[PDB]
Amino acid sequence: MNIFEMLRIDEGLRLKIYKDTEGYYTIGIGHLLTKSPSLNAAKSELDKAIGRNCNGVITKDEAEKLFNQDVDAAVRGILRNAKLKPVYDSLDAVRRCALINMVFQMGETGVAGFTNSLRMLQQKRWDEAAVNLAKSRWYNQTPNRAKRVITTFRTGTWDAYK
């Protein structure tokens, strides 16, 4: 198990533009094309992202390439952030994937707002962090995913993703 297999479980793989649970145009493995209620905007952003005329359809390799780019952007989002970086640095390999997962989902600034839970993680207070993250709107918006991520923070294992 790894960050790539982890996010594939959470995001799923689809080679055609589709609307996620929130009604946002998405493709590949959790790649948000646009928040705009516009298929043209979705397709437009897709063509730029892939570098060809896709017509809302990409290949497996293209999806995996774009996925690798999004993961890199998530890690860079963590490492450029004063609040997320020291936490990340202190975390083990498994727990780092959980943090990366969060930033992949809601972006740098979103996760950085959980200041208290971030302190707890850095101080290796896993259960406290788990309890506090469960109070968030993030948990409320995507509870199934949050449970898997939070469990990963708590156990430091891949039990939630088998």
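Note that residue numbering follows the sequence shown and begins at 1.
Enquirer: Regarding 149-157 and 9-17, which shows the higher C-alpha temperature factor on average in the entry?
Expert: Here the higher of the two C-alpha B-factor means belongs to 9-17.
Enquirer: Given the B-factors recorded for C-alpha atoms, which segment has the greater mean, 57-65 or 36-44?
Expert: Result of the comparison: 57-65.
Enquirer: When the CA B-factors of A93, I100, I29, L133 are compared as recorded in the entry, which is the largest?
Expert: Out of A93, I100, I29, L133, the record gives the largest C-alpha B-factor to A93.
Enquirer: Would the CA B-factor of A49 place it in the lowest, middle or highest third of its chain?
Expert: Answer is highest: the recorded C-alpha B-factor places it there.
Enquirer: Going by the entry, which third of its chain does the Cα temperature factor of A73 land in?
Expert: It falls in the middle third of the chain.
Enquirer: Could you place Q123 in the lowest, middle or highest third of its chain by Cα temperature factor, using the values in the record?
Expert: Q123: CA B-factor falls in the middle third of its chain.
Enquirer: Based on the entry's values, in what third of the chain does the Cα temperature factor of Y24 lie: lowest, middle or highest?
Expert: Its C-alpha B-factor, which the entry lists for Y24, ranks in the highest third among residues of this chain.
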